[PDB]
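Please read the structure below before turning to the comments.
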Amino acid sequence: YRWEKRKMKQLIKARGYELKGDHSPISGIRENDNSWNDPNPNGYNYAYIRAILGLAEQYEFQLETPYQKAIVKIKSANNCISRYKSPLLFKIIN
RNA sequence: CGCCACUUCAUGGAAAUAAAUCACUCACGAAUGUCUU
Numbered sequence: 283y284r285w286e287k288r289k290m291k292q293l294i295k296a297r298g299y300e301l302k303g304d305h306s307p308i309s310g311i312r313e314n315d316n317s318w319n320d321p322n323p324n325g326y327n328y329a330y331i332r333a334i335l336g337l338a339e340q341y342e343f344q345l346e347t348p349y350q351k352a353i354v355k356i357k358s359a360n361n362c363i364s365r366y367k368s369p370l371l372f373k374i375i376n
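Read left to right, the first sequence gives residues 283 to 376 (the authors' numbering).
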């Protein structure tokens, strides 16, 4: 799986919107795979990876063109999942 | 370090329940038991 952030950036670049960044979106794990296009045979497998560690409402992408930014809104695609508490609990004792 | 907010604003249960439903007193008292022609 590749996180939805990768395809969010790719879709926005597919339109006449250019995003701020010196490095291309990261693909895979290797040290330098900053690529904009999927490998070759077919597109990567994508999923909403960041949901399992806490559901958000908006994704802000902050276009390079100043004083304007792109907002991606997350909705449950049928009103079933409105929130999700993070499943990790941090504890501080002594 | 800079920049930046969205979301949620009541449902479910109880909506009357028991006790007393008339009680006591008086239930006839006194006069007349024939009178006047």
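Yeah, the Cβ is synthetic: ideal placement off N, Cα and C, and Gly gets one too.
Coil, strand or helix - residue i by DSSP
i, result
"residue 296", "helix"
"residue 308", "strand"
"residue 338", "coil"
"residue 359", "coil"
"residue 352", "coil"
"residue 365", "coil"
Residue i classed as buried or exposed, judged by whether at least 16 other C-beta atoms fall within 10 angstroms
i, result
"residue 323", "exposed"
"residue 369", "exposed"
"residue 307", "buried"
Beta-carbon proximity of residue i to residue j, cut-off 8 angstroms
i, j, result
"residue 353", "residue 338", "no"
"residue 344", "residue 302", "yes"
"residue 328", "residue 291", "no"
"residue 333", "residue 366", "yes"
"residue 300", "residue 346", "yes"
Through-space distance from residue j to residue i, alpha-carbon basis
i, j, result
"residue 340", "residue 376", "36 angstroms"
"residue 315", "residue 362", "36 angstroms"
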